[PDB]
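Enquirer: So the protein lines, in turn, are chains A, B, C, D, E and F.
For the first sequence, my numbering gives the first residue as 2, with consecutive numbering after it.
For the second sequence, my numbering gives the first residue as 4, with consecutive numbering after it.
For the third sequence, my numbering gives the first residue as 585, with consecutive numbering after it.
For the fourth sequence, my numbering gives the first residue as 2, with consecutive numbering after it.
For the fifth sequence, my numbering gives the first residue as 158, with consecutive numbering after it.
For the sixth sequence, my numbering gives the first residue as 1358, with consecutive numbering after it.
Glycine is no exception: its CB is placed at the ideal position from the N, C-alpha and C atoms.
My questions will all concern the structure given below.
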Amino acid sequence: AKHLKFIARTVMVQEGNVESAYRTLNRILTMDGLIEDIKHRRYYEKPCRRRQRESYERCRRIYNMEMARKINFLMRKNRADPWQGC
Amino acid sequence: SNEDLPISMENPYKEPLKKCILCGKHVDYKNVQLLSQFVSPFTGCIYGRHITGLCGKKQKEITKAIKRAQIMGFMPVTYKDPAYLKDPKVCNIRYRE
Amino acid sequence: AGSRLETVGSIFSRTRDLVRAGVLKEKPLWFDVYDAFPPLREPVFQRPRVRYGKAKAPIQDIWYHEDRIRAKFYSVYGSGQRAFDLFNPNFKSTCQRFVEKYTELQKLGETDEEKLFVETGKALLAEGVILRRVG
Amino acid sequence: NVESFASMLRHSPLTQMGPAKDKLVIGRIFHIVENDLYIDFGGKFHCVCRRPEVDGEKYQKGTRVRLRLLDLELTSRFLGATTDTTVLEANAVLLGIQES
Amino acid sequence: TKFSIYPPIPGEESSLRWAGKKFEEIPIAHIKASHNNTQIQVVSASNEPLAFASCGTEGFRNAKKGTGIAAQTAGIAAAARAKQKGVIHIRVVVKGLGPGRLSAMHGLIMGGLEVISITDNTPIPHXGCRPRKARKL
Amino acid sequence: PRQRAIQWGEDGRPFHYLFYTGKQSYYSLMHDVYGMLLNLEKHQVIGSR
RNA sequence: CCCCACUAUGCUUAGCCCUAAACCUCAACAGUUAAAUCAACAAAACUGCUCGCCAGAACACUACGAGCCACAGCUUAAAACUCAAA
Ligand code: FES
Ligand SMILES: [K+]
Ligand SMILES: [Mg+2]
Ligand SMILES: [Mg+2]
Ligand SMILES: [Mg+2]
Ligand SMILES: [Mg+2]
Ligand SMILES: [Mg+2]
Ligand SMILES: [Mg+2]
Ligand SMILES: [Mg+2]
Ligand SMILES: [Mg+2]
Ligand SMILES: [Mg+2]
């Protein structure tokens, strides 16, 4: 309200490509967490429920990052069989 | 006994521990140029340490400095000051097209 | 008649006992050899346990006095552009050549570390060795 | 005057090398599977490097090559594991061929 | 010069122009994309109203006021009244995630207006009023 | 059915060195083919089914 | 259940009331990783020491008594009848 306008969340259109400008803006708001924050703010999440989800999300990220690391590590040996026939 | 036996000591080949870009430097709430490097250009959102690469201590100092600078009249809240858009990009985030 | 309780004693103890009890009419072909030339440890099943609290493995890191010289040499001059040949058991790298000269000069009575390191580089340069400082 | 094991270990090139990260070593191709080169460089485990695009035909069984070592044994401990997972191979980057 | 998605900053000396007008002088299309309606007001850089259209003013009612085709129709209507007043280039400021958020912008273009920038001003409270309780459906 | 004669003599020693695999003939063939592939490296359709 | 409006209430102040799945459902302190690793599951298995607590189910977060700014309240907390399970 008290800030300058046309600086925050503002994307310029290139060569009249408004679809790409809108997608860029949508990607910015998504990465910064705004799109998902507006949605969660439509109805009140009860504090006990917010902690449960924030803890589930935190643990799914740790589990997915750890499962990706394991697959990358064990994919080094995906090469062809060096001792075929034995 | 025997001269060629191993000897007890600390690892001589040990490498120094990693350091964040701001390790050893004072973070002041008046240094808005530095603080602006860790907020989103479009939304002013403070970046998490997974984007800034800062350690827990400096992530906290930067966060506390930003919050102080914002409410004391030194730093905008809803966007990165456009004067600082051409500063070195030290954050691991890719936005445009 | 026998025993397949592999976690109860060892094949020797189980075999010896059943021979005494008359369960085994004949000793197996290996029994007399084991008795004459037994292993250092009797092969008894054990369950490996996980360490907790203040329990730590007794294995020690292998270090040598020359490792301090090697750590400094790699920091100052980096790894030599010459390639290690680990197949030759008598291979000498630039670092090992540096360490040997560094050891000789220390035995000549010099005790300073920063001075004993600069004089060593000069000696090798005189001998034709290439020492390109990393920085 | 029989050399002890402690003496062999102290004066072995592998001991003298120190850490293996970013160390240039000479390897020998001992097994080839398509474009996968299996190279022994004097360690416990071989490394596997893909045939270079340039002068690919020069890399044959017995060809001696230059490597930049990264790890002598690729191992990692994953969450909920009591020991380390090992792929039983060294990590190295193939630079080229060694010539006299 | 390379294209910058960042808008020109007022007070600096930019070379960008639209019909000889600077970014600060281009009229603004304010799109309110609600869940059940879409409202579009075009104003001048001095905040003079030039055109207004919403799905309700275009004859859509009740569950029809909140669709993509209804917002697109409202955009065309606002573009027509704005074009008569001399508007060609507009800056779009959209607040809300309703169904007419993007469709309302298309209608403005089909109506003859050229969008030079897009700004989101969806209200996000930084801690604010407590929202209503979840609907039990 | 040509079940092979007892695969060991009177002393009980099997004749074939791969007896204890249970598939000595199959693995003896795989061993011979794998060995030929090795020797070639050291050295280096419609008609039938 | 959905929509609209609105109240006690959520806030502040000054007093009360004293409850929770008040739960890491893990008492405090100290020690150990060797023995047998260990009913099961949870959350690797234990030792010393101390306090608190428990002794079939249900009756029963009940009755009576007592105390309490509590008055349709809280704390402490039975018995009879009944069952061969819980
Ligand atoms: S790593 Fe030292 S302060 Fe961040
Ligand atoms: K709980
Ligand atoms: Mg009220
Ligand atoms: Mg308040
Ligand atoms: Mg709680
Ligand atoms: Mg206590
Ligand atoms: Mg068990
Ligand atoms: Mg009872
Ligand atoms: Mg109660
Ligand atoms: Mg009561
Ligand atoms: Mg009473």
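Going by beta carbon distance, what residues of the same chain come within less than 8 Å of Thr87 (chain D), once the five residues before and after it are set aside?
Expert: For this step, residue 87 (chain D) is matched to residue 86 along the fourth sequence. Hits under 8 Å: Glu74, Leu75 and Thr76.
Enquirer: Can you tell me whether DSSP reads residue 750 (chain C) as helix, strand or coil?
Expert: Absent from the structure is residue 750 (chain C), since the part of chain C shown begins at 585 and ends at 719.
Enquirer: By DSSP, does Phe217 (chain E) sit in helix, in strand, or in coil?
Expert: To locate residue 217 (chain E), count along the fifth sequence from 1; it is residue 60. Of the three classes helix, strand and coil, the one that applies to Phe217 (chain E) here is coil, per DSSP.
Enquirer: To which residues of the same chain is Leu689 (chain C) closer than 7 Å at the C-beta, ignoring the five residues directly before and after it?
Expert: Locating residue 689 (chain C) in the third sequence gives position 105, where the first residue counts as 1. Taken in chain order, the residues that qualify are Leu700, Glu703 and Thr704.
Enquirer: Would the beta-carbon of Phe217 (chain E) fall within 8 Å of that of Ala227 (chain E)?
Expert: Position 60 of the fifth sequence holds residue 217 (chain E). Position 70 of the fifth sequence holds residue 227 (chain E). For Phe217 (chain E) and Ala227 (chain E), yes; Cβs fall inside 8 Å.
Enquirer: Is DSSP giving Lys676 (chain C) helix, strand or coil here?
Expert: Start at 1 with the first residue of the third sequence, and residue 676 (chain C) comes out as number 92. The answer is coil: DSSP assigns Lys676 (chain C) none of H, G, I, E or B.
Enquirer: Assuming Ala9 (chain A) contacts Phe45 (chain B) (C-beta within less than 8 Å), just tell me the rounded distance between them.
Expert: Taking the first sequence and counting its residues from 1, one reaches residue 9 (chain A) at position 8. Taking the second sequence and counting its residues from 1, one reaches residue 45 (chain B) at position 42. Yes, they are in contact, since the Cβ atoms of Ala9 (chain A) and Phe45 (chain B) sit about 6 Å apart, within 8 Å.
Enquirer: Using a C-beta to C-beta distance shorter than 8 Å, which residues of chain D count as neighbours of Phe701 (chain C)?
Expert: On the third sequence, position 117 is the one that residue 701 (chain C) refers to. Chain D residues near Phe701 (chain C): none, gap ~17 Å exceeds 8 Å.
Enquirer: I need the boundaries of the beta strand (DSSP E) containing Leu68 (chain D), first residue and last residue.
Expert: As a position in the fourth sequence, residue 68 (chain D) is number 67, starting the count at 1. Run containing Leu68 (chain D): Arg65 to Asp72, per the beta strand (DSSP E) assignment.
Enquirer: Going by CA-CA distance only, name the one from D:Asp37, D:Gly81 and D:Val66 that's closest to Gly43 (chain D).
Expert: Residue mapping note: residue 43 (chain D) aligns to position 42 of the fourth sequence, counting from 1. Considering only alpha carbons, the answer is D:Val66.
Enquirer: Give me, in chain order, the residues of the same chain whose beta-carbon lies closer than 8 Å to that of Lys24 (chain D); leave out the 5 immediate sequence neighbours on both sides.
Expert: Taking the first residue of the fourth sequence as position 1, residue 24 (chain D) is located at position 23. Excluding residues within five positions, the ones whose Cβ falls inside 8 Å are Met18, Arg69 and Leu70.
Enquirer: For a contact meaning CB atoms closer than 9 Å, what does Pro85 (chain B) contact in chain E?
Expert: Counting from 1 along the second sequence, the entry for residue 85 (chain B) is found at position 82. Within chain E, the residues near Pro85 (chain B) are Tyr163, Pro164, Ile166 and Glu169.
Enquirer: Anything in chain C within Cβ reach of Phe42 (chain D), meaning under 9 Å, just list it in chain order.
Expert: For this step, residue 42 (chain D) is matched to residue 41 along the fourth sequence. Within chain C, the residues near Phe42 (chain D) are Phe668, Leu670 and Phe671.
Enquirer: If we ignore side chains and look at the alpha-carbon of each, how far apart do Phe615 (chain C) and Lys71 (chain A) end up?
Expert: Position 31 of the third sequence holds residue 615 (chain C). Position 70 of the first sequence holds residue 71 (chain A). So the alpha carbons of these two residues sit roughly 47 Å apart.
Enquirer: Opposite residue 92 (chain A) in the DSSP bridges: which residues?
Expert: Residue 92 (chain A) lies beyond the residue range present for chain A, which begins at 2 and ends at 87; the question has no answer from this structure.
Enquirer: Quick check: what's the CA-CA separation for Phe1376 (chain F) versus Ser1385 (chain F)?
Expert: Here the question's residue 1376 (chain F) lines up with position 19 in the sixth sequence. Here the question's residue 1385 (chain F) lines up with position 28 in the sixth sequence. Using only the alpha carbons, I get a separation of about 10 Å.
Enquirer: In angstroms, rounded to a whole number, what distance separates the CA positions of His192 (chain E) and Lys222 (chain E)?
Expert: Reading the fifth sequence from its first residue, position 35 is the one you call residue 192 (chain E). Reading the fifth sequence from its first residue, position 65 is the one you call residue 222 (chain E). About 9 Å.
Enquirer: Give, in chain order, every unbroken run of the alpha helix (DSSP H) that is at least 4 residues long and sits entirely within the region 164-249 of chain E.
Expert: Listed in chain order, they are 225-241.
Enquirer: For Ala585 (chain C), count the other beta carbons within 10 Å of its own beta carbon; 16 or more makes it buried, fewer makes it exposed. Which is it?
Expert: If you number the third sequence from 1, residue 585 (chain C) lands on position 1. When all chains shown are included, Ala585 (chain C) counts as exposed.
Enquirer: Considering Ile40 (chain D), what are the terminal residues of the beta strand (DSSP E) in which it resides?
Expert: Residue numbering aside, residue 40 (chain D) sits at position 39 when the fourth sequence is read from its first letter. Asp37 to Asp41 is the extent of the beta strand (DSSP E) around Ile40 (chain D).
Enquirer: Determine which residues of the region 21-36 of chain D have a Cβ less than 7 Å from any Cβ of chain A, and write them out in chain order.
Expert: Flagged, chain order: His32, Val34 and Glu35.
Enquirer: Please report the residue range of the alpha helix (DSSP H) in which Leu20 (chain B) lies.
Expert: Numbered from its first residue, the second sequence carries residue 20 (chain B) at position 17. It is not in any alpha helix (DSSP H) - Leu20 (chain B) carries neither H nor E in the DSSP assignment.
Enquirer: When the Cα of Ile281 (chain E) is compared with those of A:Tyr64, A:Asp33, A:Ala69 and A:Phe74, which residue comes out closest?
Expert: Along the fifth sequence, one-based indexing puts residue 281 (chain E) at 124. Comparing Cα positions, the closest option is A:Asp33.
Enquirer: Suppose you measure from the CA of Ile197 (chain E) to the CA of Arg258 (chain E); what does that come to, to the nearest Å?
Expert: Here residue 197 (chain E) is taken as the residue at index 40 of the fifth sequence, counted from 1. Here residue 258 (chain E) is taken as the residue at index 101 of the fifth sequence, counted from 1. Each residue's alpha carbon lies about 10 Å from the other.
Enquirer: Check whether chain D comes within 8 Å of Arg77 (chain A), counting only Cβ atoms and requiring the distance to be less than that.
Expert: Against the first sequence, residue 77 (chain A) aligns to sequence position 76. Output row for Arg77 (chain A): interface = yes.
Enquirer: Note down, in chain order, each residue of its chain lying with its Cβ closer than 7 Å to the Cβ of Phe629 (chain C), except the 5 sequence neighbours on either side.
Expert: By one-based count along the third sequence, residue 629 (chain C) stands at place 45. Closer than 7 Å at the Cβ level, and outside the excluded window around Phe629 (chain C), lie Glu590 and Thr591.
Enquirer: Nearest CA to the CA of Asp72 (chain D): which residue from D:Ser5, D:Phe6 and D:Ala21?
Expert: The count along the fourth sequence starts at 1 and reaches residue 72 (chain D) at position 71. When each option's Cα is compared against that of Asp72 (chain D), the closest is D:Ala21.
Enquirer: Specify, as a first and last residue, the run of the beta strand (DSSP E) that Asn2 (chain D) falls within.
Expert: As a first step, residue 2 (chain D) is located in the fourth sequence; it is residue number 1 there, counting from the start. Looking at the DSSP string, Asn2 (chain D) is not in any beta strand (DSSP E), and its letter there is neither H nor E.
Enquirer: From which residue to which residue does the alpha helix (DSSP H) around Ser274 (chain E) run?
Expert: Counted from its first residue, the fifth sequence places residue 274 (chain E) at position 117. Where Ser274 (chain E) is concerned, there is no enclosing alpha helix (DSSP H), although the beta strand (DSSP E) it sits in stretches over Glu271 to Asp277.
Enquirer: Could one say the Cβ of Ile643 (chain C) lies closer than 8 Å to chain B's Cβ atoms, at least one of them?
Expert: Residue numbering aside, residue 643 (chain C) sits at position 59 when the third sequence is read from its first letter. No, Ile643 (chain C) does not count as interfacial toward chain B.
Enquirer: Where DSSP assigns a beta bridge to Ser11 (chain B), which residues make up the other side?
Expert: Residue numbering aside, residue 11 (chain B) sits at position 8 when the second sequence is read from its first letter. Per DSSP, none; premise fails for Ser11 (chain B).
Enquirer: Hey, quick one: how far does the beta strand (DSSP E) through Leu25 (chain D) stretch, first residue to last?
Expert: In the fourth sequence, counting from the first residue as 1, residue 25 (chain D) sits at position 24. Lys24 to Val34 is the extent of the beta strand (DSSP E) around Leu25 (chain D).
Enquirer: Assign residue 1 (chain D) to one of three DSSP states: helix, strand, or coil.
Expert: For residue 1 (chain D) there is no data in the structure shown, the boundaries of chain D being 2 and 101.
Enquirer: Kindly indicate the opening and closing residues of the beta strand (DSSP E) around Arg51 (chain D).
Expert: As a position in the fourth sequence, residue 51 (chain D) is number 50, starting the count at 1. Here the beta strand (DSSP E) through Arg51 (chain D) covers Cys48 to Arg51.
Enquirer: Just to confirm the assignment, what range does the alpha helix (DSSP H) spanning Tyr98 (chain B) have?
Expert: Locating residue 98 (chain B) in the second sequence gives position 95, counting from the first residue. Careful: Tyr98 (chain B) lies outside any alpha helix (DSSP H) and carries neither H nor E.
Enquirer: Taking 8 Å as the threshold (beta carbon to beta carbon), is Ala220 (chain E) in contact with chain A?
Expert: On the fifth sequence, residue 220 (chain E) is found 63 positions in, with the first residue counted as 1. So no, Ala220 (chain E) is outside the interface.
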